[PDB]
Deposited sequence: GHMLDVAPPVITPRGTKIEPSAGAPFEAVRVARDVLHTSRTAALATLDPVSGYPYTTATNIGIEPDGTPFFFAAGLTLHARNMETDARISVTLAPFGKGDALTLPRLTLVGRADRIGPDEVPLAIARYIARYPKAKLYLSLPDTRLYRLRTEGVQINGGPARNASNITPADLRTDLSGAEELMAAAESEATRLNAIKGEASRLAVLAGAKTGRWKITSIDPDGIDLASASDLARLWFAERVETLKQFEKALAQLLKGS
């Protein structure tokens, strides 16, 4: 199996900037392959990130990029602060792999997850041609030794936290000012924030315009360990 990115472990530093970009990028460039011309074909879309770290996204069925992906699952995305300043002076995370359509048995949860981050997607996720896809990342490049494995969150020791994750995010979001003080502790501006996802390594938060992630000092596997981590931060 040739590497999906032809060449021209990674240390904590490199991986952490890569994971920050993964979790705090709203806009993704998406490239697909045209089924007859062989040319690439790009669009831009919103990215969601499943608790295990897997990127996912919406594409309407009537689109050229959806069409392209039905035939050929080979795709690439770039996550970057698109529009925040000179693109060549800012991080660029590229993820190359296969687009897997989220099947009917799994779309309700994927819709839920996507809305948790993007409440305004309410207006397009219950359409006749609504489709969502997961990226199965196969090669990774970051611009300023990283593997697909480097970018995943390991859930395996943490089923108790994950059973409580959604309830806990609801609880915390219902504490006035709580999501925003978490956003600021993460390094974000104070604003209108919501927790969108809790996982063993930290908390993803979203405002109307920005994203943040608060990283735990140490891995959290239980509800009690969660409570302790919050009490430092």
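> Counting from 1 along the deposited sequence, give me every gap where there's no C-alpha, start to finish.
Model skips 1-6, 15-22, 159-165, 255-258 of the deposited chain.
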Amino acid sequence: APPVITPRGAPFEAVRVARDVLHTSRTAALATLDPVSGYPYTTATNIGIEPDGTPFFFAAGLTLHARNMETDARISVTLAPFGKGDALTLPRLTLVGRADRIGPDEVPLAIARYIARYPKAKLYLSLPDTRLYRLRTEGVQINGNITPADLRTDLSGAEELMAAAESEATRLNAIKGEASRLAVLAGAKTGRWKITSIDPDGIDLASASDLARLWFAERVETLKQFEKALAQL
From here on, numbers count along this sequence of modelled residues.
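> What third of the chain, by the recorded C-alpha B-factor, contains residue 28?
Within its chain, residue 28 is a middle-third residue by C-alpha B-factor, going by the deposited values.
> Among the chain's modelled residues, which third holds the C-alpha B-factor of residue 202?
According to the entry, residue 202 has a C-alpha B-factor in the chain's lowest third.
> Residue 210: which third of its chain by C-alpha temperature factor?
For residue 210, whose C-alpha B-factor we compare with every modelled residue in the chain, the answer is the middle third.
> Is residue 21 in the lowest, middle or highest third of its chain when residues are ranked by C-alpha B-factor?
For residue 21, the deposited C-alpha B-factor lands in the lowest third.
> Would you check the entry's CA temperature factor for residue 154 and let me know if it's in the chain's lowest, middle or highest third?
For residue 154, the deposited C-alpha B-factor lands in the lowest third.
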